[PDB]
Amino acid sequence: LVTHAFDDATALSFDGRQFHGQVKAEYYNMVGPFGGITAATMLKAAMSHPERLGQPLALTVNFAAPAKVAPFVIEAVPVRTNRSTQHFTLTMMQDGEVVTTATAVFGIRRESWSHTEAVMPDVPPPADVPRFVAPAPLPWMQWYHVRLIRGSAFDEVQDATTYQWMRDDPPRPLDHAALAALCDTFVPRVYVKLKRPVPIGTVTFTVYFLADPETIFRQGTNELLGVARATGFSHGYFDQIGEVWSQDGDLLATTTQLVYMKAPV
């Protein structure tokens, strides 16, 4: 029996009222844990809830304050339940104070007419792209295999747009929470733009899972292509818009991020 780190970080227990977990120090980022893991964690809670029906649709996580690397507690309410659809409200506490909050939508979906409006960019295969290793690694970075295509802080690239191949490392089958996490695996837009770091932190993170659950699972350990772009940077904040595609060209999820930023003049 071997535990994958991810399943290890997001491991929870239910006492019948609240969920218990530990912030893993191995997922640390700066000034608190990697956002994607915290969000994946926020999602399992509702997923592991007994009342929970259907599969995930959307997730919005708001980081109220950087989580200590401590045990924490999550209280996940099945706030509304309808035929095909379900809404959750979640709260994570450490030492009696609110650390993180999230809302989620679960639902049972059936097949419809489908089309894909966005274009998948034309890119080389994971074969041709070399894995990218940062000179100063972040603890959680070790948990992902990223082949960077364009858009880094080392690039000559003058816009904010990033392309990357990414998967869990070591390889892990794909599911919803893992997928949420992969959406915070993007280098902060602002670094990409300035080629040097500034202090930043994420206030809020949203993710929509566009692909039906079956499609998502289909990927198994196959690598994925993320695309993160930025919109603007003003008066202390900026935003990240991003998409995640299957190697086949199927659009898996879309995400947005609102991020505090410290750059003065």
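Note that residue numbering begins at 1 and tracks the sequence as displayed.
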{"query": "Stretch with the greater mean C-alpha B-factor as recorded in the entry, comparing 122 to 130 against 76 to 84", "finding": "122 to 130"}
{"query": "Comparing 23 to 31 with 198 to 206, the one whose average Cα B-factor in the PDB entry is higher", "finding": "23 to 31"}
{"query": "Maximum C-alpha temperature factor, selected from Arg147, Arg167, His115, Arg189", "finding": "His115"}
{"query": "Candidate residues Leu182, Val105, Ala102, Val157, the one whose C-alpha B factor the record puts highest", "finding": "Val157"}
{"query": "Chain third (lowest, middle, highest) by recorded CA B-factor, residue given as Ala9", "finding": "highest"}
{"query": "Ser48 by Cα B-factor - lowest, middle or highest third of the modelled chain", "finding": "middle"}
{"query": "Record-listed C-alpha B factor of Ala230: chain third", "finding": "middle"}
{"query": "Modelled-residue ranking by C-alpha temperature factor, third containing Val265", "finding": "highest"}
{"query": "Ranked C-alpha temperature factor of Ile37 among modelled chain residues, by third", "finding": "lowest"}
